[PDB]
Amino acid sequence: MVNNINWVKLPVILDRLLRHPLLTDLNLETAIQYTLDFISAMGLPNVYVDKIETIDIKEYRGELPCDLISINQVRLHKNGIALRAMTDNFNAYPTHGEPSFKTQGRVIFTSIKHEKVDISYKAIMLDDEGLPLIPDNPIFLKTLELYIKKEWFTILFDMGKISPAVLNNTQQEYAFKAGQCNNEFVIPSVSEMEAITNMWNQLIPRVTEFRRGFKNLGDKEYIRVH
Amino acid sequence: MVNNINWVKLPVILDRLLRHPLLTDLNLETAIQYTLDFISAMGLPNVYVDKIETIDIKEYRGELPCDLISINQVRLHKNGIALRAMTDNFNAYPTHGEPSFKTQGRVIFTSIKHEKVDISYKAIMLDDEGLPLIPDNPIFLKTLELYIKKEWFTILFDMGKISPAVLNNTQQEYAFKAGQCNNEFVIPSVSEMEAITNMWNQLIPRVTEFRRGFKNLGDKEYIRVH
Amino acid sequence: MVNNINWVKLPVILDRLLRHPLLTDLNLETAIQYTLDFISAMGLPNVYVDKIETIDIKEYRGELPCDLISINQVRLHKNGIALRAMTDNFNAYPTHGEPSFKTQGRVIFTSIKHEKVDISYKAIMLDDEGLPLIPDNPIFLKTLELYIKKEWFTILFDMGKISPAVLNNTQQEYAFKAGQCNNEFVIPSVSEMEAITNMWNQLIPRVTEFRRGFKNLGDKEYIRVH
Amino acid sequence: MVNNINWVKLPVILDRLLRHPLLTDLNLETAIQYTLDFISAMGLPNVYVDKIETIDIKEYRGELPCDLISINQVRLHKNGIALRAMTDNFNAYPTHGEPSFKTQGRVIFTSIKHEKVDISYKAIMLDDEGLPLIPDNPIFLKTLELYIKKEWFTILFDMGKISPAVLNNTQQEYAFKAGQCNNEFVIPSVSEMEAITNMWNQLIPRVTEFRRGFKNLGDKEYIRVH
Amino acid sequence: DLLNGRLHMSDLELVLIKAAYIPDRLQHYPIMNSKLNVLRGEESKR
Amino acid sequence: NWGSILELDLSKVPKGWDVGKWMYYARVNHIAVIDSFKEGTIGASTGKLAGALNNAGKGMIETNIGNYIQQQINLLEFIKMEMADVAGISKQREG
Amino acid sequence: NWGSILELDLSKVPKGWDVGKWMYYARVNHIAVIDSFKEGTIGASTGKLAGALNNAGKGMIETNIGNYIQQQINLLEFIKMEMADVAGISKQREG
Amino acid sequence: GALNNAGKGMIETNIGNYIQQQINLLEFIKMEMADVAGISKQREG
């Protein structure tokens, strides 16, 4: 992302929405629900907060942090070797190699009996009340405004209290701003483009970035002169 | 799946449906049915609980667990060799090789007379109440909300209590969000893309991960230097 | 099929249908008829129960089991050689080789005078009342619900008691769910895909699986190393 | 045909037609006619009874059985050599080779003066009453129901007692189910596909199964090893 | 036995037959014999 | 460099057929009996589902690696020509 | 110069099939069984969404570097030929 | 309008390719039988 994610409070979006007199019945509840819905639907990784937190494995199982949403990686605390995903169907079940992991709920199923692992995961930036905290990027704010407006006008049109043309216009605007937001948050910046450049141009290809924490993914590949 | 399946109780969907004044007569009884219908129609494997449970075979037959919905694999408990689908039409019938199996109901028809077999099967995550437990992914919640909304509006439209444009809009929105949810729960994570990469790039192909429990489907294929 | 065929009672489908107030006049009779119609029209082989039962041939004729619907194979009891179909027009008729069979009603016309044969056939899983027993796969239940609803709305539309748009929507939904069900019940599972894999990749082709009961159809074809 | 032709009596179709209030004046008299019309228009050979019956030839002429509808083959009783269609225009007429035959009514015109010939012919399976006996295949029953419904609605529409949309829907449904039934009763079974395979793959082609009663159309073609 | 035209099917695979028919057995094609007959035919001519 | 992967749908395997045994008779006969009037196809025939569910071919998961393998082969024969010609020991002089 | 990159949507892997084990059996068999009546494809089938979500084939992230590589290679032989005759030492002179 | 038009149809069965496929198989086995004995066609003329 070119720009920086400066955080602002949820009621900013209600300050923008309630300017529309047809949206004066919105509340902080509806803002919270549709904000979570929008954040998940867009799935923008720059909106979540990167955290690292170590856990201990009891026997092929481990307790997972409360605020976890998605895992970037899992590695071993002592060696630093990253863990791939599990392809096994009979992991911890004995009868009468490469480490792996698997996560469903609050539990992580790894292929190791007694070890500590580091998990790099993503969560939501929370508010001092304890509520989700949104970026102030006006493209994001506008697209969330249009998301909430589109849901509200869809409900009204279902009752028959909104003209079909109004809902069609709202959907069209929201679709364009959704595309604009997706391009805004995903297109690499200049420094990320340097990382991508160093990753692309490689006389000797590097195909082992996962063993490290993708640390040297953007490292420039130097060739000695002879 | 990039994200994690944090579990929440079923009435989280009724939190969201009953915002709509035309869906106020929906109940947990209806939520359960339509939620099970959506779970099955989507067929996402990340929504089921991976379990392993051993049974004994009496004579080419064995009792199956209660909560089984699908079988990932079946193997022999002592050797660990996995079983294949039984193409044979005359398994346990004599006249006057490689092991296999078949499952219809609560019975599993293996080709072995007396042995213990390990079954890795999938079930549904339940609640403290004997009810289904759904992911809290807002994409999943929104798609399930739209499924229930679409069914209820189909009923009302068969009655003539909903305008056809309303139902068309509901079906369009549900179709897009069904595609969105399908992709969200299917597209691999970074750790799963390492497994896929290790499977894909193999100078000496590995074509016998079914014998094992697909344990080594994702291991890297290291060539020595000469 | 990926999933397992857990059996449930017929009135489940009436529990789902009668939620529609336009379908409150359905009965167990109509459920039985349209359930048999749907099961036959889809023709899904996983819904029928595989059975094997030996009979004795009197003179090129044999008595057939009562519940038979389709024959997978017929073989000789002593040798185990499978019987192909009859191409002859003058089978048992004398004037003044390879065994074969032919079935029309409750009688099987084979080309052997006095022998016993094993027949692998398919029937319906019956209820303790003595009624058809349906799977609980919610895709199957939904598609059967839509089948019965489509027949009922077709009848009403013939009287003129249903709008054409309602019937068109019902037909469209049923068509899509019929396709979904057909793909659900026919696409191979992982173990069936192993069987198909072992059948496909064969350096020395096997073209005599029928002589056996298709027993080695999924057997892996091993090549000795030299 | 994969399935078996279990026979049931004709009023099984009136069980199903008279559910419709607009088809309540249909009778067994009408059922018989339209059922025979459907049997002939479909022309499925699995619906007829295969019978063999010998007759004597007086002078290039022979009496034909009462229930004959079609002739599979004709052969000489003593040699077993099958007969072909008679292309000759002057068979039994003298002036001043390979045997053949021709059949128009109750008379069969062979090219032999005095010999006994075996005729493998097809007839209709009858009931304890002298009435046709229909398959209970629900595809066949549904298609016959739709045939009778379509004819009756055509009459009512010529009268102006049925909306044209109703008749169009009936014709569409009948057309699809006619195609479905045609494929159901035609597509080979597994045992019939072995016969077809043995006929298809022949290093030394066999082109003389008409001389025999197509007995060896389906035998495997075994090449010795040298 | 390969030089005398006998293919043993237990030697080039696992067997899951005994009768002399190519639908279930395999035909052997003598392509090793000509290269050996050069060399025992060249030892005769030295 | 795996092969070319054919995306296949089993929507026209006939009724009462296993996909294991349906493909086995298609290996040897090179003919697959299909069923174009199945109940899964009632949408595309009556006009309730889109016509691309009965047609439009079969997709291919294929990659031009054989073009990329050939590009890297031609580069090696350019360097082995360059390394030979930089020393004065050419391939005619090596043979 | 990396290869050509296929953009692969997983909208049609079958139900309950993991993408690793789905791609594992397409390596072997070169047949990938796909599911065209999934719940993710209800909009392109029923015509609520664009029909181009079921079809049009997979895109290719393909940049022509093989042309740009051969342009330098054909240029590098031009100078080594041009440098050879400026001092009078042809390719037969070094032969 | 396809009754004054559409051109004249052909009952055209392609046996010219199938005849040439068996001819290429006869040239191949009379060649492969020569390599078995070591008696080539250069050896017969």
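Residues numbered from 1 in each chain as written, not as in the entry; some residues may be left out. Chains lettered and ligands numbered in written order. Part of a larger assembly, values for the part shown. Heavy atoms only, no water.

Named according to the PDB entry, chain H is Portal protein gp20 originating from Bacteroides phage crAss001. For this entry, the PDB title field holds "Asymmetric reconstruction of the crAss001 virion".

For chain E, the name recorded in the PDB entry is Portal protein gp20, with Bacteroides phage crAss001 as its organism.

### A word on the nonpolar core
With 207 residues, the main nonpolar core has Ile 13 and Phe 140 of chain A, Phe 140 of chain B, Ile 13 and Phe 140 of chain C together with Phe 140 of chain D as its most contacted residues. Residues in contact with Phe 140 of chain D, not counting those within four places in the same chain, are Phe 38, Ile 39, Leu 44, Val 47, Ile 134, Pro 135, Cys 181 and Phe 185 of chain D. (Core = buried A, V, L, I, M, F, W, Y, C linked by side-chain atoms within 4.5 Å. Buried < 20%, exposed > 50% of the residue type's maximum accessible area, 1.4 Å probe, protein only. Contact = heavy atoms within 4.5 Å.)

### Side note on the sheet that holds strand β8 (residues 116-124) of chain B
All names here are of chain B. Sheet architecture is open: three strands sit in the order β2-β8-β4, paired in antiparallel fashion. Of all strands in the sheet, those bounded by a partner on one side alone are β2 (48-56) and β4 (70-76). Averaged over all pairs of adjacent strands, the angle between their axes in this sheet comes to 20°, without regard to strand direction. Pairing of β2 with β8 involves nine bridges; the strand directions are antiparallel. In the strand pairing of β8, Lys 51 is matched with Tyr 121. (Pairing = 2+ DSSP bridges. Helix = DSSP H or I, 4+ residues; strand = E, 2+ residues; numbered from the N terminus. Axes fitted to C-alpha atoms, helices over the stretch in contact; angles between N-to-C directions.)

### Focus: the relation of the copies chain B and chain A
Taken as rigid bodies, chain B and chain A are interconverted by a rotation of 30° and an axial shift of 0.0 Å, the fit giving an RMSD of 0.2 Å. Of the residues that chain B buries at the interface, just 4% are likewise interface residues in chain A, meaning the two copies contact each other through different surfaces. (Least-squares fit on C-alpha atoms.)

### Side note on the interface of chain B and chain A
Contact residues are listed per partner, giving 57 residues for chain B and 46 residues for chain A. Both faces considered, chain B and chain A share a buried interface measuring about 4,200 Å² in area, 48% of it formed by carbon and sulfur atoms. The largest share of the area that chain B buries against chain A comes from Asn 4, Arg 19 and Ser 191 of chain B, three residues that together contribute 16% of it. The shortest N-O distance in the salt bridge between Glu 29 of chain A and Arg 19 of chain B comes to 3.1 Å. Counting every contact that joins chain B to chain A gives 25 residue pairs in polar contact. Put simply, the parts of the chain that give the side of chain B that touches chain A at least two residues each are β2, β4, β8, α3 (138-159), α4 (164-184) and α5 (190-200) of chain B. Here the side of chain B that touches chain A takes seven residues from α4 of chain B, the largest share from any one element. (Buried area = accessible area lost by both parts, 1.4 Å probe. Salt bridge = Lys/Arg side-chain N within 4 Å of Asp/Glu carboxyl O. Polar contact = N/O pair within 3.5 Å; in protein donor to acceptor, adjacent residues only side chain to side chain.)

### Structural notes on the interface of chain G and chain F
Listed by partner, the interface residues are 32 residues for chain G and 28 residues for chain F. Between chain G and chain F the total buried area reaches about 2,600 Å² when both faces are included, carbon and sulfur atoms providing 59% of it. Counting the surface chain G buries against chain F, the share from its top three residues, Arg 27, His 30 and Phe 37 of chain G, is 18%. In this structure, the connection of chain G to chain F is made through one salt bridge. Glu 7 of chain F is the salt-bridge partner of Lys 58 of chain G, the closest N and O atoms lying 2.5 Å from each other. For the pair chain G and chain F, the number of links is 10 residue pairs in polar contact. Elements represented by at least two residues in the side of chain G that touches chain F include exactly α1 (19-29), β2 (31-33), α2 (42-46) and α3 (66-86) of chain G. Looking at which element gives the most residues to the side of chain G that touches chain F, the answer is α3 of chain G, with six residues. Tallied by class, residues from the side of chain G that touches chain F come to 15 nonpolar, 11 polar and six charged. Across three bridges, the pairing between strand β1 (residues 5-8) of chain F and β2 of chain G is parallel. (Nonpolar A, V, L, I, M, F, W, Y, C, P; charged D, E, K, R; others polar.)

### A few points about the side chain of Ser 11 of chain F
Considering the arrangement of structural elements, one finds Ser 11 of chain F in the loop between β1 and α1 (19-29). In terms of polar contacts, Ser 11 of chain F uses its side chain to reach the side chain of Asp 9 of chain F, at 3.2 Å. Once residues lying within four places of it in the same chain are set aside, the contact partners of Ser 11 of chain F are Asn 182 and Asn 183 of chain C, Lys 38 and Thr 41 of chain F together with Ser 36 and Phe 37 of chain G.

### Digging into the sheet that holds strand β2 (residues 60-61) of chain F
Strand order across the open sheet formed by three strands is β2(F)-β1(F)-β2(G), with mixed pairing between neighbours. Pairing within the sheet leaves two strands with one partner each, and these edge strands are β2 of chain F together with β2 of chain G. In the sheet, β1 of chain F pairs with β2 of chain F via two bridges, with the strands oriented antiparallel. Its bridge partner being in β2 of chain F, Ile 5 of chain F is matched across the sheet by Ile 61 of chain F. Sheet strands in contact with α1 of chain G are β1 and β2 of chain F together with β2 of chain G, and its direction is about 150° off that of β2 of chain G.

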